[PDB]
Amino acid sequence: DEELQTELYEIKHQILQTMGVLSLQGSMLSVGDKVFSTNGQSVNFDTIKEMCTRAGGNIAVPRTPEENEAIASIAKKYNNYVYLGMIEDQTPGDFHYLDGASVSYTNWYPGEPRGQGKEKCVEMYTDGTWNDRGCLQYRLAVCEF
């Protein structure tokens, strides 16, 4: 109806306002329909995952060059590597998103991955390239919503 179109207008305006404030202050990065954010903490994979799910999101994982660059800027900003939301399959060298799906977009640093199943996790260098590594290091916690 009409009164509905009005309601939805204010609602959408208010959401734009809150998101604008959050982005202006650098509390989050918006890329397409995905929002990235970090609590500034450096912890291991399992810890990061918990923090993200607890906030209603998931450990971040880039699926496009633009998403990858957004995460890289946060890593650069806090000057620390970032654990991405993906783990190695049974067959070494092969990685999958946590939902199980096979990884499509990748940005491995030349030569990577090369840990032969010893390094199940994936960390992002400050330049955005990836490196498979063990899941017990302390990495910047970056979540996506």
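Numbering starts at 1 and runs along the sequence shown. What we label the rigid core is the largest C-alpha set whose atoms superpose within 1.5 Å from one form to the other.
Asks: After a core fit, does 114-122 or 62-70 show the bigger CA gap to the shown form in 5 other deposited structures of this protein?
Replies: Higher average C-alpha offset in 5 other deposited structures of this protein goes to 114-122.
Asks: Could you settle it for me: does 99-107 or 58-66 have the higher average Cα B factor in the PDB entry?
Replies: Comparing averages over the C-alpha atoms only gives 99-107.
Asks: Quick check on the record: does 12-20 or 132-140 carry the larger mean Cα temperature factor?
Replies: Of 12-20 and 132-140, the stretch with the higher C-alpha B-factor average is 132-140.
Asks: Would you mind finding, among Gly85, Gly93, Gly32, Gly26, the residue with the largest C-alpha temperature factor in the entry?
Replies: That would be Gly93.
Asks: Select lowest, middle or highest to describe the third in which the CA B-factor of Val122 falls within its chain in this entry.
Replies: For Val122, the deposited C-alpha B-factor lands in the middle third.
Asks: Consider only the C-alpha atoms of the modelled residues in this chain, order them by B-factor as the entry records it, and name the third containing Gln41: lowest, middle or highest.
Replies: According to the entry, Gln41 has a C-alpha B-factor in the chain's middle third.
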